[PDB]
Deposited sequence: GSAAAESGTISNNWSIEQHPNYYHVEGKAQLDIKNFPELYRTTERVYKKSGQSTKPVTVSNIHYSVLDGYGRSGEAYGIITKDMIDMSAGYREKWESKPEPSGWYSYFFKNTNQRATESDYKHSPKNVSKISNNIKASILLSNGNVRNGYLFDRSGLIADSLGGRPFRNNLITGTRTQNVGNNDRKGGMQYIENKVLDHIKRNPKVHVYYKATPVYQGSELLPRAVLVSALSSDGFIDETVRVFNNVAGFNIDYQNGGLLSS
């Protein structure tokens, strides 16, 4: 990643390059049957977003769906609480008490007595946390609030410089806005975390978006970076000086 080349924490890589055939199908149902809340019999056109199961390291994988104005509308009004323990891979470090040697999340689930769990997150300068629970499929687009729809992202991966035009927010808002201005239009949307080796944090998220009216047709690479810090992609957190 280059702060010079890409100050907004993304790089436009090319066209959407999607296989629309592989996507979960659009269907017609009701707000009630879909959202599982309220008695809203309002008919809605939606798709069921495909989320990836975690891999063997506990890492989140790609998610993809067809985003509709109705999905946006239902997420605009309603919010779902975080499902229990949504923190994705690399969010914590684990260490064997006996050795002070690094352990894995698995080791911790296996024997919490002999393995400590410590947050990798830290506060940094206005003053807040450096890493976010960073959605793959945004809440505003119908995303589910659970681990599998998250990666451990830098605040800048998530929202860039937070001027509505950076990080995941860039491509999210562009899709959100275009559907909102063209309510009959739907967008094929896919967010794919890119990992190197067994690293628990993704280096980037690849987001591909193809609108049904052809207006939006791109893939952006959103960098899991933040200016002035060196992230430890292997274990999460920052490199130790």
| item | value |
| --- | --- |
| Regions left out of the model, expressed as runs of the deposited sequence counted from 1 | 1-13, 139-146 |
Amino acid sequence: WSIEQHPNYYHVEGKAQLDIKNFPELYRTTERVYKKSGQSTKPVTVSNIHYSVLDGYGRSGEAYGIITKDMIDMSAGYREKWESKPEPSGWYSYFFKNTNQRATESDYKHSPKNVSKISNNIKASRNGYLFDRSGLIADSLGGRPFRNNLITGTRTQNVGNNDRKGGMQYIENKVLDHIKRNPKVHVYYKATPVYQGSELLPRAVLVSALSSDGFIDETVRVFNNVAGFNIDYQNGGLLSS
From here on, numbers count along this sequence of modelled residues.
| property | result |
| --- | --- |
| Between 225-233 and 16-24 (mean CA B-factor, as deposited), the higher | 16-24 |
| Between 81-89 and 98-106 (mean CA B-factor, as deposited), the higher | 98-106 |
| Which of 50, 32, 174, 59 ranks first by CA B-factor in the deposited coordinates | 32 |
| Per the PDB entry, maximal CA B factor within 196, 68, 208, 37 | 37 |
| Cα B factor band for residue 74 (lowest, middle or highest third within the chain) | middle |
| Chain third (lowest, middle, highest) by recorded CA B-factor, residue given as residue 128 | highest |
| Entry-reported Cα temperature factor of residue 154, expressed as the chain third it lands in | lowest |
| Ranked C-alpha temperature factor of residue 115 among modelled chain residues, by third | highest |
| Third of the chain's Cα B-factor distribution that residue 186 belongs to, per the entry | middle |
